[PDB]
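Have a look below at one chain only, the form deposited in one PDB entry, in structure tokens format.
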């Protein structure tokens, strides 16, 4: 429908093209079509297969060859990427090109918006991290060269040439090095567009938050809606409409009561939902099993319930998932040493909560509420491993904002201490100790007496210890505990004689089958496979919207 008259486009866009022209000397290399031979560069057309330059663009613009403005934008970016492709990162033309692109970014955005568009930005997704089958946690860097096979087996340029000979082994089968692709990790997927069904304008799907399941009749831009005074049909796939639980309700009431007491300007309501609950078992690993299970001194496995929960806030009218946590709950039927214990598997956040100055407070309220809740059920003890994610890894949310800092261990330890200190002052937590002091207090003598949690530090270090010492589970146990003690919190919810005569633990909430949220892996995998990043407010809002559709539909 919306037809851009060629003069309309010329008038609107030509100022953006002049802005590039007016850059001396940066513009000069780009003002005329590259003559490879004159410019003393023969292989140019071996690399650059779709040449483009300012003059060619000016001409297409003057002569009405563009039907819509994104075609102009695409050519501009083709010109830039041609130059970034052919020239070295350190070269003259490269840096000139970079300067032009910055001028362009700033020029083009408000013009595109004048023309009825979401924005005028060129948007691409973050590059995925490439691992290496050659070693355990080797990784391949952005833009550096690497070797791959079937887009499945990749090797860093170092660890690839390490292997003696010309044959690699995958799995087991043998592949000649000549069968690998040599390539640079410089591939970035563009954001997708959706077309207004009325005016025909292409908008970024993430800018307008159009999801085909939620609005199956099709996308209609805000411009077209307002002209006829319409509004979008309600999004029924919201956080609030996910099923309630006793736990979710308890947590969200605690949070919102806290926010109401603070009475900070521009506060929003928080929604907390438990989205997974299932029964699982942790099995004792082979070292510890040989040492204590086979002689009947320790159970071969421990049953627990895992739960996943998330908190959401409305930001700019749209749901935003900002906090996530998975827990392991070992009930009263579980064998010692795990009986009546909870452990936090992992928690994660995306720093867009409003107001900022209450963000940490709100995270604390969620954790204190959770401790209070399980205490009420008759869990006696909480367990926290203060362990920051490894570099550029995510616990729950794929692709954090690059300006969201990740705490080192001392800051994270202090953060948990501040939370627990508030919990103590509220008489929820009786007291808490590091693992070394707690063991001392419990007069612990053997490794079989340490709580054994899925994924936790201690089951792994005990394997290592037994093997290193050639058979002892407990020789350097106190020394290992002392050494790592600042990192391991033991939290006493129910103290002393009362902890010995408790009734059975009965959870009033039902099981909640959701494979997507059975541990952290599935949602990370989904997010990676569907470009659901939490790296900006707009992408997190999109990703939350997609997450909520998945939770509602599956």
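Between two forms, the rigid core is defined as the largest C-alpha subset superposing within 1.5 Å. Positions refer to the first chain, counted from 1.
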| query | finding |
| --- | --- |
| Coordinates absent for residue 134 in a third or more of other entries | yes |
| Flanks modelled, residue 154 absent in at least a third of other entries | yes |
| Residue 171 to residue 172: deposited residues without atomic coordinates | 4 to 9 |
| 180 to 188 set against 396 to 404, stretch whose average Cα temperature factor tops the other in the entry | 180 to 188 |
| Mean C-alpha B-factor comparison - 435 to 443 and 272 to 280, higher one | 435 to 443 |
| Options 506, 34, 511, 516 - largest CA temperature factor per the record | 34 |
| Criterion, highest CA B-factor; candidates, 523, 44, 70, 488 | 44 |
| Entry-reported Cα temperature factor of residue 391, expressed as the chain third it lands in | highest |
| Cα B factor band for residue 166 (lowest, middle or highest third within the chain) | highest |
| Chain third (lowest, middle, highest) by recorded CA B-factor, residue given as residue 326 | lowest |
| Residue 10, C-alpha B-factor rank within chain (lowest, middle or highest third) | highest |
| For residue 346, the third of its chain into which the C-alpha B factor falls | lowest |
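Only in words, not in the display: the form deposited in another entry, which the text now covers.
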item: Position with Cα shift of 2 Å or more, rigid core superposed between the shown form and the other one, options 387, 318, 347, 138; value: 138
item: Post core alignment: residue 29 C-alpha displaced by 2 Å or more between the shown form and the other one; value: yes
item: Residue shift check between the shown form and the other one, rigid core fit, residue 257 Cα at least 2 Å; value: no
item: Large Cα move at residue 10 between the shown form and the other one, threshold 2 Å, rigid core; value: yes
item: In the other form, shift in Cα separation for residue 130 relative to residue 205, 3 Å or more; value: closer
item: Distance trend in the other form - C-alpha atoms of residue 130 and residue 402, change of 3 Å or more; value: farther
